[PDB]
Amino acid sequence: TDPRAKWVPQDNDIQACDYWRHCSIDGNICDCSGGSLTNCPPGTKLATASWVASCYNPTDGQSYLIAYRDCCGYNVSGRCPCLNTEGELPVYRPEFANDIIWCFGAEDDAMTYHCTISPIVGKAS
């Protein structure tokens, strides 16, 4: 609740903005509109592009790379909105930049923002 305090990750609830994998999410958590942690909701189109962050997992002490792939082709969900920016860099370093709509590669050319999934894609370093 202090918005300026250092963000503190938890591994006990995926729908909260302090869930560990959401350390650089910007948008809405897909689990809250019928997707899951790592799948898109019905009717939306899964992008192949992403921004990335190194997120610390307080369950196991490891740092993982999360790929923030958007679910596209629907209006923004309006559920579980979150904006975290751990490590987040400006637009000229786009791989780490999260204001961008990472919808590229989605089916049917979908480029509207619905929500974001938080899959682990590799180890940080």
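Start at 1 and count along the sequence shown; that's the residue number.
S.K.: Sorting the chain's modelled residues by C-alpha B-factor, tell me whether residue 48 ends up in the lowest, middle or highest third.
M.R.: Middle third by C-alpha B-factor.
S.K.: Check where residue 99 lands among this chain's C-alpha B-factors and tell me if it's the lowest, middle or highest third.
M.R.: Its C-alpha B-factor belongs to the middle third of this chain's values.
S.K.: In terms of the chain's CA B-factor thirds, is residue 37 lowest, middle or highest?
M.R.: Middle third by C-alpha B-factor.
S.K.: Taking the entry's C-alpha B-factors for this chain, is residue 92 in the lowest, middle or highest third?
M.R.: As the PDB entry reports it, the C-alpha B-factor of residue 92 lands in the lowest third of its chain.
S.K.: Compared with the other modelled residues in the chain, in which third is the CA B-factor of residue 112?
M.R.: Lowest third, going by the recorded CA B-factors of the chain.
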